[PDB]
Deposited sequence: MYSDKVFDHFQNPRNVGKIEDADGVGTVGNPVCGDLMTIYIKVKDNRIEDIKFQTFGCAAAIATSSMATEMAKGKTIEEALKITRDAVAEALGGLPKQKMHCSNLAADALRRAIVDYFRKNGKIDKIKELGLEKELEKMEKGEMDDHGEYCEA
């Protein structure tokens, strides 16, 4: 069990789909998730999420998108599984893969946004070559 995890699960932040989204990132069990971002001046002007999965899936997706909202892109790529696990107040083992879920959907969204706006160079910059290939 976990504390503020209940609050993000029951009252989730930024649920929805984004029409003409600027970047759409999507990811063994039964957890599937996508993140949608609109980007204005290198910022996340908006973020909405859709996930199917356990209570921790819901919670992390919520937290992750709350963490990224209004942040620069380089500021967002700083949202690892742990900055979100910690953000909530941690999670128990076995359910921790669900934090990796959210942090990955967000990375992919960001990586989507670069691959669409010819910013393939920044993809390299920047640490995220491996995740483009595995997509």
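- Residues of the deposited sequence lacking C-alpha coordinates, counted from 1, fall in the stretches 1, 29-31, 140-153.
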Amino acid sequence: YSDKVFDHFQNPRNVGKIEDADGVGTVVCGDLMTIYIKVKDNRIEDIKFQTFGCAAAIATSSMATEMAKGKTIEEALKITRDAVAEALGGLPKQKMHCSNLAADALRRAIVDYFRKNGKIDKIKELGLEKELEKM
From here on, numbers count along this sequence of modelled residues.
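- Taking the PDB entry as given, 90-98 carries the higher mean Cα B factor of the two stretches 90-98 and 77-85.
- Checked against the record, the higher mean CA B factor of 108-116 and 123-131 lies with 123-131.
- The top Cα temperature factor in the record, among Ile37, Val28, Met33, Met63, falls on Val28.
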